[PDB]
Amino acid sequence: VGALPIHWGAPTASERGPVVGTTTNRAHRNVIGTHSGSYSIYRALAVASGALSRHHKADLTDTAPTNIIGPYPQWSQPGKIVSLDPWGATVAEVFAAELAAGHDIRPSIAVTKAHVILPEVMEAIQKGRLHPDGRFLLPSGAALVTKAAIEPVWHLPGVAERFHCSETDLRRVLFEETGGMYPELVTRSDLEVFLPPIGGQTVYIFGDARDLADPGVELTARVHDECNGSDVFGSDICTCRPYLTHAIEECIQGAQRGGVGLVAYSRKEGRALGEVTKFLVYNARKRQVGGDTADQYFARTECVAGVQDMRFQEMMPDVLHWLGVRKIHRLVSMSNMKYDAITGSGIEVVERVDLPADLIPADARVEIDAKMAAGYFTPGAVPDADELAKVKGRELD
Amino acid sequence: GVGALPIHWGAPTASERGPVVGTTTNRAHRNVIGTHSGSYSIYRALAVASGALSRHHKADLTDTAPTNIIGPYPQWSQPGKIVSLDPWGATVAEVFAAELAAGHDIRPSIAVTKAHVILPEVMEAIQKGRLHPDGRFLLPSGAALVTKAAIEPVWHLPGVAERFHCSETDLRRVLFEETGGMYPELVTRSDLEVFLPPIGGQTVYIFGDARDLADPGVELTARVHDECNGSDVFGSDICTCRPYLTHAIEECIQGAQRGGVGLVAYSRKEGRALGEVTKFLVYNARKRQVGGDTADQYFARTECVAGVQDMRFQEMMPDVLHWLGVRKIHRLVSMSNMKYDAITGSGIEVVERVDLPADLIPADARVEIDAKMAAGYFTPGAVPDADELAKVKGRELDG
Ligand SMILES: O=c1ccn([C@H]2C[C@H](O)[C@@H](COP(=O)(O)OP(=O)(O)OP(=O)(O)O)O2)c(=O)[nH]1
Ligand SMILES: O=c1ccn([C@H]2C[C@H](O)[C@@H](COP(=O)(O)OP(=O)(O)OP(=O)(O)O)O2)c(=O)[nH]1
Ligand SMILES: [Zn+2]
Ligand SMILES: [Zn+2]
């Protein structure tokens, strides 16, 4: 009849206990916050307008994962996974008794399958770079994938340790810097788990999810942070979608050669500054005295945002650990921030696959040159001060 | 010091309206619930906790101003017309220059810039002769020249409540309860009317001249598209989303080329605003149910998981149109009766409705679009019957 305890990192589901973040019975709630990231606000609108009963509980029939992921040892190693719930995809199975007992437990992960058709993959086929095999890649250009949507679930003591500050400071600052969101951050130190109203990520798996846990199977992977204006709209000011679709191409070939491929797509728009800040910086970049130069790229963000980047890649490897990933043979990525995080978490990276020069869009030179000067991996020449001062950016029109 | 500046929502001028002060550098100046950047205030907090970002930092807005002048328009002050974004949010540096100088730390909630967008479907449209570069709107590279505006949410709680035909205090209590107590000020600070929710906003892509949006004598082609990452980015063939998005973009480019103007609004409402986890759960149940993935079961599968078919509440979606001065949409590249009802209900005339051509429906999206048509989505001709909707049109899992 009371709220179930949570022992983060315990080796069984029973011992770990379920994340109860629903609101149908507040005496059962054992976390701060609520499911579905931002979309709790829309659920509130649906309740307030009469469309949805505040008493509704999901019918989870037939929703269970299409592919079995874990459990793996990483799920129970202390401090290893702190920003998602390793049991979040299998709650209907591992918490069946708690559900029947009356605890309204929602999945925070869902696993299904798809056929993804990307125009860049269809072109890769037309140009003889890819050849359909009928298993991973079809003649239509469709790739067969497993995909997993993963919503955030933060163990605040683990997150604090991840960031080298005390938990009470992390929680106080979370409370203050959001204008006082969730006073239980400072008022309920007994609650260790937080469901923030932020986007999560989506994992695309090419081949067998279980091979992600076998470091003897060659793994091609990219962690991609959302860039809507490119990932969807193809703006030529940045490398994002070209890098994403190049990685997808490489992942398909990886699977075809008998390995496995992984793309994680994490919702951190604009370096987790959001899109308004991102567009303000573009304007400042193009209007500054001297033109849009690579040697001012980072400074223009700094002046608006007070920081260069807020993605905190130190939590990004949790999804890899959830998947059992223990080694990445081909990391399709250049960022030294991502590379240090992944390898700093124990995961070997064998080959770093930089973005081929011919995929850089017409107004993305400023970005990629600044990034290589800042330490992003490249096999070739790093731009020196003189090359960074070239006005490589297009004028405002 | 000075107290918090009052806010008179929908006042005739920026000065009378008052700035949205949602920063945290000075708590005494805050005059709203919440903070800027939607979801991304959580990351800002992390940056401050880690010591990477000073809690005293304030934006240098030098050179950030809109690339295109949007408004002001009468709709910015019509009662209850715009309740989910701040019409002054793009121009705070100009219209609240005084208050900034009096020490009120005021951030934009809107940014307006320009871009060259290069979509593969547009390149292919050129190869097939559906589109022809003109050098001004569409380049031979396939790049289209656009103005784009990122709009983050700013809610006037009394106006939002009215829009939903419920009392303001009921709306605010339910927002508080159903989020697990997100912002107690919702129930504790009835004097604060304005709420900055931690949700995504939208991005408007304008083909041609933004000022023409306010001129109903200029032919407007428009789509309001709700985010579907798994299609809009990854092209899953279960749904129509990216085909509809890129079809609309093609139509907007052409509209601008003929002397008109185009608009695509891209709103962050993943999975009918249920989010992506619920969306994937429903796909699984669709494909495993007795009798297979059929269109007459499509909406039932969502209701069983989510308790509703849809949470996007299109009732707030026309606000951006009114912000842009749109009074008439000559070609609405959309089918949803929910969107159409909200748009016309809000006073915007719609002339032609442009359905998704049959040949752009992906291989496993037949279930979706048939169910939508049978549910009342616009279609130029016949709607499917009880039979037809009962055909197992959906691919099996793995499949
Ligand atoms: O000028 C820019 C440059 C980058 N981004 C954002 C988008 C996202 O937050 C990330 C997109 O790409 P990716 O996910 O692949 O990250 P990265 O740091 O560029 O590393 P790499 O591509 O080497 O993996 O950068 C901007 O908003 N404005
Ligand atoms: O099976 C589905 C069907 C739809 N969506 C969501 C995604 C988003 O919430 C919207 C996709 O794009 P759009 O913005 O164009 O909405 P629509 O209702 O289909 O109306 P129309 O396309 O006719 O304008 O529907 C799902 O999550 N699963
Ligand atoms: Zn980008
Ligand atoms: Zn879709």
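Positions of Cβ are backbone-derived with ideal geometry, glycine not excepted, and every protein chain shown enters the neighbour counts. Every number here is computed from the coordinates shown, using simple stated rules; none is lab data.
Quick look at the numbers
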item	result
In sequence order, calculated HN-Hα J values of the range A:291-300 (Karplus, 6.51, -1.76, 1.60; Hz; x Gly/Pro)	x, 7, 10, 4, 6, 10, 3, 6, 4, 5
Helix-only CD estimate at 222 nm, as mean residue ellipticity for chain B, using -39500 (n - 2.57) per DSSP H run (n ≥ 4)	-8000 deg cm²/dmol
Over 31 Å (Cα to Cα) - which of A:80/B:287; B:279/B:328; A:371/B:58; A:278/B:287; A:57/B:287; A:80/B:114 fall in this group	A:80/B:287; B:279/B:328; A:278/B:287; A:80/B:114
Relative contact order %, the range B:248-301, counting alpha carbon pairs below 8 Å whose residues are six or more apart	18
Selected from B:47, B:97, B:342 as most flexible by GNM, with chain B as the system and alpha-carbon contacts under 10 Å	B:47
Highest-MSF residue in chain A out of A:36, A:189, A:83 [GNM, Cα springs under 10 Å]	A:189
Beta bridges by DSSP in the protein assembly as shown, antiparallel share as percent, to the nearest 5	60
Relative contact order %, the range A:1-95, counting alpha carbon pairs below 8 Å whose residues are six or more apart	28
Loop-resident sites, the range B:324-399, for GluC sites (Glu not before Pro), counting at most 16 other Cβ within 10 Å (DSSP)	B:396
The range A:1-89: trypsin sites (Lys or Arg not before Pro) in DSSP loop, at most 13 other beta carbons within 10 Å	none
Rounded, prolate or oblate (a/c below 1.5 giving rounded, otherwise prolate when a/b exceeds b/c) for the range A:57-197 by Cα gyration tensor	prolate
For the range B:42-83: rounded, prolate or oblate by the Cα gyration tensor [a/c cutoff 1.5]	oblate
Residue-averaged beta-carbon neighbours from other chains (10 angstrom radius) around B:266-275	5
Cα convex hull of chain A, projected area averaged across orientations, nm²	21.4
DSSP-defined beta bridges in chain B - what % are antiparallel, rounded to 5	60
Three-way shape call for the protein assembly as shown based on the alpha-carbon gyration tensor, with the a/c threshold at 1.5	rounded
Averaged over B:140-152, number of beta-carbon atoms from partner chains that fall within 10 Å	3
Sparsely packed trypsin sites (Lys or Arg not before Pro) within the range B:37-131, loop by DSSP, other Cβ within 10 Å at most 10	B:128
Equivalent ellipsoid semi-axes - Cα gyration tensor, the range A:260-299, angstrom	28, 13, 7
0 to 90° range, to nearest 10: angle between helix B:276-288 axis and chain B longest Cα axis	20
Normalised contact order of the range B:209-254, rounded percent, pairs of Cα under 8 Å and 6 or more residues apart	32
